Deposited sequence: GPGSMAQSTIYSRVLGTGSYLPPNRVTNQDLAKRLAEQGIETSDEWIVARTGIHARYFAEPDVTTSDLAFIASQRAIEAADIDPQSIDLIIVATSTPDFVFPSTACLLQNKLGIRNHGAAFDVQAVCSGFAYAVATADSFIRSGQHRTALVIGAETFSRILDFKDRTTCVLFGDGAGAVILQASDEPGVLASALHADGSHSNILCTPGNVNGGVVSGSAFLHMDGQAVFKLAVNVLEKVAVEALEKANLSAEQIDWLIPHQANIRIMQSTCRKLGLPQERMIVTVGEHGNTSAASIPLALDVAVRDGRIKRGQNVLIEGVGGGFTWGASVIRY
């Protein structure tokens, strides 16, 4: 009888807007604005200065969520950050974010790793903590500086990912926002989307650059996204026709249009930011959520479906009554 309601949203993009032309010139390896749009639907993305970290981005998005929620920062008793580019090996980004916000209440703070499905994982976890009574007000973040793990000699991937942060404040409520979530993983497909390295004795071992088999990822993606959306919708006792807004992970326009069509929704019911944001992994969904809440598309009482896939393979979905 306790539910998690969205009190506020916030987001942030770092100031360097990098257009397709900017990127094509940079490599000039051969690519173009036309080629990138045809492949992905992306026109621009945003890169942090290499000096600026995931928690920096997270801080500003959180501040803006806190403002929308209109709450005392000291009332946030849980922070979960979904990221795959944390500031440090340890401690966690959430811990750094806690201190940046000046929160002194000793509340739990941790990071979760499910890559581009990270925010679904983070939402479902917070929701579970709030529903049980254990926490009351959670700050849930998706944040990435994916420019730090891009190989700019690889046009397959380096024109695809961007940086950014999005945040939501969830609070105990007698009335549902978060109705249901479904999370999944299949580690047999780890090889087709991976950044296969880490630090070892001071030096990088393996490759600390993102690699991807785009064709395999696409087929897997469309295959699971349909199923998990249905499972989630069933778990929330809702039908596809009752979805007022679809917010997929902003991977690329064609995976997004496919999913939306397979659900039988009209394309006008889907929030699309990939064109301006690119693929910001865990940040993707809460960026789009924030944009669409703040521009008045998403209204109180409406049913929102978030879903995505990511490295792992992982995938997950949530049905949220805003």
Deposited-sequence stretches lacking C-alpha coordinates, listed in sequence order: 1-8, 37-39
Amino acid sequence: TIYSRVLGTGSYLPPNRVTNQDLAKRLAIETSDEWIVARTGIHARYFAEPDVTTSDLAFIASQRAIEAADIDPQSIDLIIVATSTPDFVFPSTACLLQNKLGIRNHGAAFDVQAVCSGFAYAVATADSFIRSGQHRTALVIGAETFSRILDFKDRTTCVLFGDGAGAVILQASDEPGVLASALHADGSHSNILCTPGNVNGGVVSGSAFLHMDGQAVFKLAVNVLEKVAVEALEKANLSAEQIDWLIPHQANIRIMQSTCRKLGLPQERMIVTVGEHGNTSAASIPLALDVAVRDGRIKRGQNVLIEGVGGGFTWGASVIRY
From here on, numbers count along this sequence of modelled residues.
Higher-scoring stretch by recorded Cα B factor average, 70-78 or 231-239: 231-239
Between the two ranges 188-196 and 159-167, the one averaging a larger CA B factor in the entry: 188-196
Out of 57, 282, 29, 287, highest CA B-factor residue: 29
Largest Cα B-factor, entry values, listed residues 309, 304, 13, 24: 24
CA B-factor placement of residue 107, once the chain's modelled residues are sorted into thirds: lowest
Third assignment of residue 3 from its chain's C-alpha B-factors: highest
CA B-factor placement of residue 176, once the chain's modelled residues are sorted into thirds: middle
Assigned third (lowest, middle, highest) for the C-alpha B factor of residue 272: middle
Residue 247, C-alpha B-factor rank within chain (lowest, middle or highest third): middle
